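This report concerns only the one structure given below.
What follows is calculated from the coordinates using simple rules that are stated; it is not laboratory data. FYI the Cβ positions are ideal-geometry reconstructions off the backbone, even for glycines, and counts take in every protein chain you see.
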Amino acid sequence: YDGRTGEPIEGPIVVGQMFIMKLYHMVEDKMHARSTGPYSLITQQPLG
Amino acid sequence: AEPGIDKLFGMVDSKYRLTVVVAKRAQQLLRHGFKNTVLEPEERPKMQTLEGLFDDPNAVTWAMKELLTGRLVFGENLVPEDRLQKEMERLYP
Amino acid sequence: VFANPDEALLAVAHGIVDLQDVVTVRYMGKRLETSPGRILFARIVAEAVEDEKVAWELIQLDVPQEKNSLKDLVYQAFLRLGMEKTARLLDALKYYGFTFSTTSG
Amino acid sequence: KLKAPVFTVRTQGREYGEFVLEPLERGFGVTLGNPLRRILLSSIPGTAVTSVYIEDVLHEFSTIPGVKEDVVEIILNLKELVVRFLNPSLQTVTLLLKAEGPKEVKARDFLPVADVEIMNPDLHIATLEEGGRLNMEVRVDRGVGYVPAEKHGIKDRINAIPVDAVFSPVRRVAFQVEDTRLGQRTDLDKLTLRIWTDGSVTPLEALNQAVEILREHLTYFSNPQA
Amino acid sequence: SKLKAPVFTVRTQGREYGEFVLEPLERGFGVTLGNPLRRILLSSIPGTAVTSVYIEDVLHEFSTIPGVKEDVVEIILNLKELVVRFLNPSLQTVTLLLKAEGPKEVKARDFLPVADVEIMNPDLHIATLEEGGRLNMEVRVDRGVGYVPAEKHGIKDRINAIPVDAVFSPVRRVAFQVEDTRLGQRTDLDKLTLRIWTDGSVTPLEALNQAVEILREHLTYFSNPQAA
Amino acid sequence: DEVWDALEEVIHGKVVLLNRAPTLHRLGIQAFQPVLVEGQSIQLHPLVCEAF
Amino acid sequence: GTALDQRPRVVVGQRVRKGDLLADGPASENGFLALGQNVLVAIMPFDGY
Amino acid sequence: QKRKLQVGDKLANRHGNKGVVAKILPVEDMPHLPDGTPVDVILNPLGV
Ligand SMILES: Nc1nc2c(ncn2[C@@H]2O[C@H](COP(=O)(O)OP(=O)(O)OP(=O)(O)OP(=O)(O)OC[C@H]3O[C@@H](n4cnc5c(N)ncnc54)[C@H](O)[C@@H]3O)[C@@H](O)[C@H]2O)c(=O)[nH]1
Ligand SMILES: Nc1ccn([C@@H]2O[C@H](COP(=O)(O)CP(=O)(O)OP(=O)(O)O)[C@@H](O)[C@H]2O)c(=O)n1
């Protein structure tokens, strides 16, 4: 059954238990932004 | 898509010319604080905030709308840049 | 035999017929033996482009809509209408495709 | 808590309506839109052409000499006839149409009847040439929803043809729920409802009737009879 | 062709299970009534939950207590299953006190009695203490609606209190069934049956009444047209 | 709270450039109007995924 | 950066044979490798999400 | 830090199916069994 309407999905649906793991690639550790910051010594370009 | 983008693309022989014209008009609008616009107050681009409706702060939107109105003239060697700048200051302090 | 697409879709809403059943619908002054789903797709395109005659010209009614036909529809809509209306049609197609894939089963 | 929502109306004529309700608590957009849509499509009272009698035709797949259209075409045209009853006591109505000569038979060619109003006199019914005749007897009832012809199959006379009864005055309803924010909260709901009717009832009246029906049905959870 | 008022039947099992039957209904109205009520019951029924915990000589949630088998994280996980019933509608917050010394099996019944407050699952296991272990807890329980994470409310009474994610909804499960029924000549009529499982703090009937009230109040909102 | 409203004022009408490596063709960089969202993930339109 | 802790799985007075589990390690459930969770899944499209 | 599952985190099963969480739905919106039990995860069949 669809939770938004209460009407059934028009066809039978495969349903069952699955083993699922969380991977260490998390958005918390990857989101990054910069306006201005430190620069390199020689090229005077932004650091990485 | 931007409103009337097909019209703007058809008003010029090269799309990059349209980009140049829009950017230069936006710079003109920013320099004079929107006092040199050819829009009448009811066509002014509006922005919605909690306080209320205000003018749209984005100058590129203003320039594009003005180009849609068709009251702007663009071309090669229309007016010497120095005279244009002096007149722009004189008309709009 | 339905007098207009609204009647056929109302009959669909009452469970009388399915979207995939072949019935007779009166559309554009003509009597078409088609399915309510294909009529619904034609209406989707027509309302997306805000033009009924051009939309009727663009679509192929008597075939299931697959990748090639949808791509050809997008190209023809681009040519006939421009980028703004083509993008609007693309958004409409995306919305309705997602909606109908959810409940298809 | 949060303040009471704002309800906004945008009506095109007496045939189209858009209604905006915002802001709403999370998940309430569909919670309100779906039952209202079901009631609007299913339970709004109206009137519809239910049966038809034409002479010299034995079934719906026959034809009438002197008229360009077949039986199916005039029946389909009759399916879009909009009739309004002004007094609540009237239940069923019989309309007679007399047509002769080369003419463009519309709805106004129906003979006037007390306490019955034809809302689309310009609706095209038939085309007659020289020497063509059309005598028509249409039975119109009042009901709710959509009932196929085979379900009721009520035929006044022995030659009368049952007609699919489009009782619903509402032709189409769509609704959309869009995310909206208010202050720091950003998960609120905005509900948009678009209603197309046939003109016998305005979209606002249809929405009010649907809301009233839902309220009456909610009242039913009060007295535990058992 | 107006339908008569349908009969409304109630069956109850304890304070936790309820069946509510409405019959007969117009065709298609079973879903029209059941689904919004199910959504409201699963979403918007107020209840009570543990919102804060303070434990003696404990500075944060990532620690252990000597003499206690479970660390603080598991203790808080256990405490999130506590069902507390407020006998007074005006009461908003309570603080339960627990003091225990090992060796024992500290359950929910060991909480000190409070007026107008009941524990609906006194057998809920909280901790295991060995000889020499001591447990001193102050648990703040609040009224609320919905699911509020600890990082949102951030409720602390003392300096060392640990905020706890609050799941206020007292309704555990909602289902509804639409069955075939008829009345004389009418056929293909609906019979609706709502099945409600709660945790005992709120009875299924009370939750159903609150859901009906919420739906009626929201239906009220369609009464003030404004021009655009 | 008001700084978020100021931020909404700042980006009005402006666009940002989204790029996915490797940039095989020019459609590997595209301009979009930013809608401010909660969370830490960029939300991408389904119809530009094939180009990217 | 992950936190590794051992959680006791015995009580005082319990009889333990040779090789019997005493404490679960990280990602372990009663001596079985436990890398995730068992969840109820439905295989279907959902609104493009 | 105690990290909960959020939008943008990566999940996977043992058969090579991986994906980031793109939406967290409320319980009343999830598809459910006729007995009222909602599902926890919805996987797209197009990956098979
Ligand atoms: N242009 C580009 N796009 C890529 C590449 N490879 C993946 N994608 C995208 O990323 C999605 C998820 O791909 P994956 O499901 O494979 O996930 P992942 O992030 O690559 O992580 P891993 O499974 O590799 O885990 P790990 O512990 O081994 O990572 C640590 C070790 O990986 C390798 N490694 C990790 N990160 C990167 C990276 N950014 N670039 C290159 N090598 C990377 C490296 O050698 C490192 O020393 C794919 O669909 C693509 O869109 C690539 O080469 N170039
Ligand atoms: N060295 C690399 C490795 C990957 N990539 C990029 O990642 C995509 C997916 O590779 P992938 O191997 O992650 C998956 P795909 O081939 O799409 O999957 P399937 O057949 O199993 O369904 C490639 O199409 C490249 O754009 C890259 O630029 N440099």
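Some notes on this structure:
- Percentage relative contact order, chain G, counting C-alpha pairs under 8 Å, at least six apart: 28
- Compared with the rule-of-thumb size 2.2 N^0.38 Å for a compact globular protein, region B:43-93 has a Cα radius of gyration ratio of 1.53.
- Under 5 Å, built H, 5+ apart or other chain: amide partners of D:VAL6: D:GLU22
- Among C:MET28, E:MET137, a tally of other beta-carbon atoms within 10 Å of each Cβ gives an order, fewest to most, of C:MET28, E:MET137.
- Its residue count N sets the reference 2.2 N^0.38 Å, and the alpha-carbon radius of gyration of region D:46-167 equals 1.02 times that reference.
- Listed residues E:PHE111, E:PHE168, E:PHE62, most fluctuating in chain E (Gaussian network, C-alpha, under 10 Å): E:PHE62
- Shielding by partners for peptide B:27-35, expressed as the average number of C-beta atoms from other protein chains within 10 Å of each residue's C-beta, is 0.
- Going from the residue with the fewest nearby Cβ atoms within 10 Å to the one with the most, D:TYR53, B:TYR16, C:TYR75, C:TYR96 rank B:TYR16, C:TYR75, C:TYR96, D:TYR53.
- Using only side-chain charges placed at the Cβ, +1 for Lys and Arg and -1 for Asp and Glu, the dipole size of region D:46-167 relative to its Cα centre rounds to 360 debye.
- Chain D pair-distance distribution - Cα-Cα, 5 Å bins, rounded %: 1, 6, 12, 14, 14, 12, 10, 9, 7, 5, 4, 3, 2, 1, 0, 0
- Structure note, pairs E:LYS156/H:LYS23; B:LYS15/B:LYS65; D:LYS79/D:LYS155: Cα-Cα distances above 20 angstrom occur for E:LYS156/H:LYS23.
- Reciprocal mean inverse distance between Cα atoms of the protein assembly as shown - Kirkwood radius, Å: 33.0
- Averaged over residues, the count of other Cβ atoms within 10 Å places the peptides D:200-212, D:118-130 in the sequence D:200-212, D:118-130, highest first.
- Between E:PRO149, E:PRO66, E:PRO89, the residue with the greatest mean-square fluctuation in the GNM of chain E (Cα pairs under 10 Å linked by springs) is E:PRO89.
- The mean number of partner chain beta-carbon atoms within 10 angstrom of a residue's beta-carbon across peptide D:142-154 is 2.
- Ranking of E:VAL174, E:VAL73 by count of other Cβ atoms within 10 Å, fewest first: E:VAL73, E:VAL174
- For chain H: relative contact order, % (alpha-carbon pairs under 8 angstrom, 6 or more apart): 23
- Based on C-alpha pairs under 8 angstrom that are at least 6 apart in sequence, region D:46-167 has a relative contact order of 40 percent.
- In order along region D:147-163, the Karplus-derived 3J(HN,Hα) couplings, from 6.51 cos²θ - 1.76 cosθ + 1.60 at θ = phi - 60°, round to 10, x, 4, 5, 6, 8, x, 8, 10, 3, 10, 6, 9, 5, 10, x, 10 Hz, and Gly and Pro are given as x.
- Each part reduced to its alpha carbon centroid, region B:20-93 and region E:150-183 end up 55 Å apart.
- Across peptide F:37-50, the average count of Cβ atoms from other chains found within 10 Å of a residue's Cβ is 4.
- Measure of compaction for chain C (Cα Rg per 2.2 N^0.38 Å): 1.07
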